[PDB]
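In structure tokens, the next block holds one chain alone, the form deposited in one PDB entry.
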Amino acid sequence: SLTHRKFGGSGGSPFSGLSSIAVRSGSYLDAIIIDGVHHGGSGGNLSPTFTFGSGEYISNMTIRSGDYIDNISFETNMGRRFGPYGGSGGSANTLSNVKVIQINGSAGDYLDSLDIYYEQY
């Protein structure tokens, strides 16, 4: 189970460890690039990079998947969008009214899977 703990005082401006996302994609997601770190293979084409502002987070997301991640799109709490990138294989699954905290996953030559850590509202 996901939990959290706060340490420290009340000062300063908020930040998140999740800074940016890009992907390489063709018919599948070949790779996801998190904070500049490449996870996956060398196929497909490189998307533009989406950089989160302060206070910004993924609030809704659609992931198409089967054996691999086929496609990703998301929208933030500030009305910004990323994607869709990828193909039309697999089946869709959507998250709505969330706050994504972290993106982990598994990868080889492709992005096999995403493990999304989030608050569900």
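Take the two forms, find the largest set of C-alpha atoms that superpose within 1.5 Å, and that set is the rigid core. Shifts are known only where both forms have a C-alpha. Don't overthink the numbering: it's just position in the shown sequence, from 1.
- Stretch comparison (39-47 versus 67-75) by mean CA B-factor in the PDB entry places 39-47 on top.
- Taking only CA atoms, the mean B-factor in the PDB entry is higher for 48-56 than for the other of 28-36 and 48-56.
- Comparing the C-alpha B-factors of 100, 18, 22, 111 in the entry, the top value falls on 18.
- When the modelled residues of the chain are ordered by their C-alpha B factor, residue 86 lands in the lowest third.
What comes next is about the form deposited in another entry, which is not displayed.
- Once both forms are overlaid on the rigid core, the distance between the two CA positions of residue 113 between the shown form and the other one is under 2 angstroms.
- Cα of residue 57 to Cα of residue 16: at least 3 Å longer in the other entry than in the shown structure.
- The Cα-Cα distance between residue 52 and residue 13 is lengthened by 3 Å or more in the other entry relative to the form shown here.
- Where the rigid core is used as the reference frame, a consecutive stretch of 3+ residues with C-alpha displacements of 2 Å or more between the shown form and the other one occurs only at 1-17.
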